[PDB]
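Peer 1: experimental structure and sequence below.
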Amino acid sequence: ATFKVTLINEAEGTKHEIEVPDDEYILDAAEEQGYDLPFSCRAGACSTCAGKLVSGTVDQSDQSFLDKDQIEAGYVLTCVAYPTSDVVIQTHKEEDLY
Ligand code: FES
């Protein structure tokens with residue numbers, strides 16, 4: 001399956017739509033399609049690539065930085081997240097983390 005991923009940059013007021021395979025991380029697909037997104041470690045262990053789910057689900061089982069409450073709040077590390085449905089996500093949310 002291939003899912004539609006809508007990327008929202010609130011501060012910029014931008015909206016970009018990408019198509020993501022069920023077996024590719026969102027960050028990788030975004031880059032391939034022309035959208036550079038923030039990142040550092042690329043391994044699920046930092047907060048640089050943090051995003052926030054608006055709608056849809058992901059599989060980020062490979063992540064290790066976010067605690068259970070943060071996940072519950074909708075936080076996602078884009079570098080190791082697979083979409084599991086069409087998704088709407090706000091990018092550049094690193095600052096929201098404490
Ligand atoms: S870039 Fe570090 S967790 Fe994604």
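Peer 2: Sure thing, it's come through. Residues are numbered from 1 along each chain as shown.
Peer 1: ranges for the helices of the protein?
Peer 2: 26-32, 68-72 (DSSP state H).
Peer 1: what does the chain have sitting close to the ligand?
Peer 2: 39, 40, 41, 42, 44, 45, 46, 48, 49, 65, 77, 79 (C-beta under 6 Å from any ligand atom). In short, each C-beta sits where N, CA and C put it, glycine included.
Peer 1: separation between residue 69 and the ligand?
Peer 2: 17 Å (C-beta to the nearest ligand atom, to the nearest Å).
Peer 1: OK, contacts around the spatially most central residue of the chain?
Peer 2: Closest residue to the average C-alpha location of the chain: residue 78 at 3.1 Å, with C-alpha atoms, centre = their mean. For residue 78, the contacting residues are 25, 26, 27, 30, 37, 39, 49, 50, 51, 89, 91, by C-beta atoms under 8 Å, 6 or more residues apart in numbering.
Peer 1: contacts only, for the closest residue to residue 23 other than its chain neighbours.
Peer 2: The shortest distance from residue 23 to any non-neighbouring residue, by C-beta to C-beta, 6 or more residues apart in numbering, is to residue 82 (6.7 Å). Contact partners of residue 82, counting by C-beta under 8 Å, 6+ apart, are 22, 23, 24, 25, 26, 58, 59, 60.
Peer 1: thanks a lot, catch you later.
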